[PDB]
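These protein sequence lines map, in sequence, to chains B and A. Counting in the deposited numbering, the first sequence runs from 11 upward without gaps. Counting in the deposited numbering, the second sequence runs from 9 upward without gaps. The structure appears right after this line, and notes come after that.
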Amino acid sequence: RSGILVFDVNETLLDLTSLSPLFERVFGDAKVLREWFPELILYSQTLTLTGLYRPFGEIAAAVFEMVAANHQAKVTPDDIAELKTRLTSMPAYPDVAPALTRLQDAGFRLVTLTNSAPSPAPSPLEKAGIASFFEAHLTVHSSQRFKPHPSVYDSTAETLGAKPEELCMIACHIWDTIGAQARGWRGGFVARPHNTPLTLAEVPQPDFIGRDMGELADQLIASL
Amino acid sequence: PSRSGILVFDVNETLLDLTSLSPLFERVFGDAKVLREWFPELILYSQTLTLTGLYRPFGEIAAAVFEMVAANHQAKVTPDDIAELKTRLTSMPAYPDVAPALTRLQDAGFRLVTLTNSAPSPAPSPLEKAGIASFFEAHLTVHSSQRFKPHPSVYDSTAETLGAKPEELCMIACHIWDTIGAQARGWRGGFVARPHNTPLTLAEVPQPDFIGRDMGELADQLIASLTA
């Protein structure tokens, strides 16, 4: 191939529903995961737009505390440490290693790009035992701005020496595929639970959609 | 004191009651609490469009995000549900604490204006329907700029339009992202703690200058402090 596939990590490759027990316990309702996560992405974009930056994991903790205060749910230091443990150790979906193997076989290069900032080894993908598929692990940290800011995609292309037509952003987050496609990359959307494309005039739809990573990999392979 | 302060108010949720949408969520999702998942999804995507150079009117995003959240919950949505969303979003009633607080603020010498993500519509506006538009000297929106809060241009263009300096301006909202947006521009931020909104405590992030649990308590604080 000449294609480069750029993957989001948490939720896209690693199972975000592994956080459900923390929400079930603190909130009495595991479904609060789906209010906390968009609040987190909301505030990461607020900092970006307003010219502020803190590491993504810090924002995740601060937003967990805020969502807890909104529900009048008590939160301890142990809960926050458990949040950190879980957020940084999500297990790989079982469809991932099979799909990545097949993409590697078909000649695609594989890299990661995350809102999470670099941290000491082992990384989430190393803990999940799938870091080895990837040639490089990139983050937003050098941009000091979060997705979908254009600089995060542009600097990633620059870093890799790749043209937009050669890059595909793979994510279960429609905000991430919109961000990459606005810069001329392709977007490949994996429909992990609780993610659906936004059907809105003038909003680009993903170039490729799969219900799981194997089905997405199918489509990327067929596209040549 | 001869005040010169200009109080710029967010409209929906801040002045007008967002929980008037609860029956629509109760019906579509079987759970009114899904209001609190859809609303941050809506704000998230408005900021995404802004960051990527895209724009559609806020109410259109609001509808498309309602469809999206419904699909995520595997809940059927009909055209009647979408029409109800549009009607509800443009007809939220004023909280009882609003008119007395605005009366006190006006009588204390503050200038009052609104600034909203929502696009202009033919008259009457939501504030007009609710009967509180007359407190305000101007009603501004992001639509002509095609960029949503908290993009810095929203606040800078508002200051320019009003011929005001950041030191004279205070953004009033129950949305912490909006007070962060204004305070990043050198304005002050007045937070009203409407249900389900709490300051984000995070280093190097602006905390509101004034916090009240309702508009009366916030007005107590503005009158006491903003005397210049």
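Backbone N, C-alpha and C define an ideal beta-carbon position, used for all residues, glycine too.
N- and C-terminal bounds of the beta strand (DSSP E) containing residue i
{"i": "B/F218", "result": "218–220"}
{"i": "B/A181", "result": "177–181"}
Closest Cα partner of residue i within the set the options
{"i": "B/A227", "options": "B/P203, B/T149, B/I51, B/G117", "result": "B/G117"}
{"i": "B/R112", "options": "B/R11, B/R221, B/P214", "result": "B/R11"}
{"i": "A/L177", "options": "A/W195, A/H183, A/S99", "result": "A/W195"}
{"i": "A/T122", "options": "A/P214, A/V162, A/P130", "result": "A/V162"}
{"i": "A/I140", "options": "A/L32, A/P9, A/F17", "result": "A/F17"}
{"i": "A/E145", "options": "A/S153, A/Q154, A/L110", "result": "A/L110"}
{"i": "A/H183", "options": "A/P174, A/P87, A/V200", "result": "A/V200"}
{"i": "B/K94", "options": "B/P108, B/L23, B/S129, B/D105", "result": "B/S129"}
{"i": "A/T58", "options": "A/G197, A/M179, A/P160, A/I231", "result": "A/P160"}
{"i": "B/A107", "options": "B/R64, B/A138, B/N125, B/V85", "result": "B/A138"}
{"i": "B/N125", "options": "B/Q114, B/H147, B/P216, B/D105", "result": "B/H147"}
{"i": "B/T169", "options": "B/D25, B/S152, B/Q191", "result": "B/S152"}
{"i": "B/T27", "options": "B/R202, B/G198, B/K173, B/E225", "result": "B/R202"}
{"i": "B/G197", "options": "B/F156, B/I219, B/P48, B/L24", "result": "B/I219"}
{"i": "B/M223", "options": "B/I180, B/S233, B/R155", "result": "B/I180"}
{"i": "A/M76", "options": "A/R119, A/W46, A/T187", "result": "A/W46"}
Residues that DSSP places opposite residue i in a beta bridge
{"i": "A/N20", "result": "A/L24"}
{"i": "B/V200", "result": "B/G220"}
{"i": "A/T124", "result": "A/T149"}
{"i": "B/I14", "result": "B/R119, B/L177"}
{"i": "A/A102", "result": "A/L24"}
Boundaries (first-last residue) of the alpha helix (DSSP H) holding residue i
{"i": "B/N80", "result": "66–80"}
{"i": "A/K94", "result": "87–97"}
{"i": "B/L50", "result": "43–60"}
{"i": "A/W185", "result": "184–191"}
{"i": "A/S133", "result": "Note, A/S133: premise wrong, no alpha helix (DSSP H); not H, not E."}
{"i": "A/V162", "result": "160–170"}
{"i": "B/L210", "result": "Unbroken run through B/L210: none, as it is neither H nor E."}
{"i": "A/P9", "result": "First-last for A/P9: undefined, no H or E at that position."}
{"i": "A/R35", "result": "30–37"}
Inset, instruction - Specify whether the segment 25–41 of chain A and the segment 53–70 of chain A touch according to this definition: at least 3 beta carbon pairs, one from each stretch, less than 8 angstroms apart. - result: no
Legend entry - Within 9 angstroms of chain B by C-beta, residues of the segment 192–208 of chain A in sequence order: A192, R193, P203, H204, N205, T206, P207, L208
Legend entry - Members of the segment 58–80 of chain B near chain A, C-beta cut-off 9 angstroms: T58, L59, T60, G61, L62, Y63, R64, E68, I69, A71, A72, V73, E75, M76, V77, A78, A79, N80
Legend entry - Interface positions of the segment 44–57 of chain B facing chain A (Cβ-Cβ less than 8 angstroms), listed along the chain: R44, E45, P48, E49, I51, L52, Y53, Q55, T56, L57
Legend entry - Contact the segment 208–218 of chain B vs the segment 65–73 of chain A: 3+ CB pairs below 8 angstroms: yes
Legend entry - Cβ contact (3+ pairs, closer than 8 angstroms) linking the segment 130–138 of chain A and the segment 94–102 of chain A: yes
Inset, instruction - Could you say if the segment 74–85 of chain B and the segment 77–89 of chain A meet the contact criterion of at least three C-beta pairs nearer than 8 angstroms? - result: no
Legend entry - chain A contacts made by the segment 209–227 of chain B, where a contact means CB separation under 7 angstroms: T209, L210, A211, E212, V213
Legend entry - Short-range partners of chain B found in the segment 159–174 of chain A, where Cβ spacing is below 9 angstroms: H159, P160
Legend entry - Contact list for the segment 179–191 of chain A against chain B, Cβ threshold 7 angstroms: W185, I188, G189
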